[PDB]
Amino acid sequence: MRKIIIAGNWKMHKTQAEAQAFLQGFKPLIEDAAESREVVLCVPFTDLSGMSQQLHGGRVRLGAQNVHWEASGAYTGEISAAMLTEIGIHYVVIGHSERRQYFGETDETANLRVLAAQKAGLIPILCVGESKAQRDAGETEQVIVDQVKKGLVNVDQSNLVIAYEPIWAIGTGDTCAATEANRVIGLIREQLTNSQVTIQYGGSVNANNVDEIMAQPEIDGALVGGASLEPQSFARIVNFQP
C-alpha cells in the first residue's frame, strides 16, 4: 500500500506567532486521523525552528519550501540541506511552479535540489505541471513526461514524492477533474522505476473535493495551498473520508 501524504503548502504566509496560533487550533483536530496518514506542514524558512519545537514527538512533520543544490557556497539568499537537517525537518518542496515562474527554477536545477535533499535524508516533494497554453495545445503528456525524466536523473525513487500540480489549477479555484488528475498521475507512475512512489495532486484542493480526489486509484495524497492556511480547513482535508 502506497503512503498517504497530506501536505500543506503555506507558501509565503504566517509569522512565527501566526504559525503558533495555527498549531494551537490544528493539533486537536487531527489527533484521531488514521495513524498511517502522513501529515506535513511546508512552512517558511523562518517558521521551521519554532514549529519544530512545538511539534517534537507529535505526528505532524515539517517541510521546507525550497533547498539549494550545493552544500554551501556563493548563493546569496539560498538555504542548504545542512541548514534544514540541523532543525530536524523531514520534507522539502522542490520545483514548485511559483519558483519556475518567477525565480528561475529549471527542470535541471529542480533535479539538482532533489539530489541534494535526498543525500541529506530529506524527503523531496518534486512538483511538475503543465501550463494552460501547454494543456490547450495538447501538450500535457509530453511536458509532464519531460519534467519527470529531467527531474529524476540519478534520483532515488525509494525516497521521493511527486506532486502533479497543473499550473492553471494553482490558486485559481479551477480544480482539475479528479479523473483527469488520475489519468496524468497514472502517466507519471508509468515513467517510474518504483511504482510505489507517493504521487499527490495539487491545485485548488479544498475540504469539499479532497474525498473525491483521494478516491482516485492513482492518487496518494494532496499538496494543499490556500486551503491549508487555516486549521479547520486543513484538518478536514487531513481527515478525508473514508
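Counting begins at 1, following the sequence as shown.
Higher mean CA B-factor, judged across 93 to 101 and 130 to 138 from the recorded values: 130 to 138.
Judged by mean Cα B factor in the deposited record, 50 to 58 ranks above the other of 63 to 71 and 50 to 58. Highest CA B-factor among the listed residues (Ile199, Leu187, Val40, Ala207): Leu187.
Among all modelled residues in its chain, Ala19 ranks in the lowest third by Cα B-factor.
Ranked against the other modelled residues of its chain, the C-alpha B-factor of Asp146 as given in the entry falls in the highest third.
In this PDB entry, the Cα temperature factor of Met1 sits in the top third of its chain's modelled residues, the highest group. Among all modelled residues in this chain, the alpha-carbon of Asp107 has a temperature factor (C-alpha) in the middle third.
Split the chain's modelled residues into thirds by C-alpha temperature factor. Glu218 is in the highest one.
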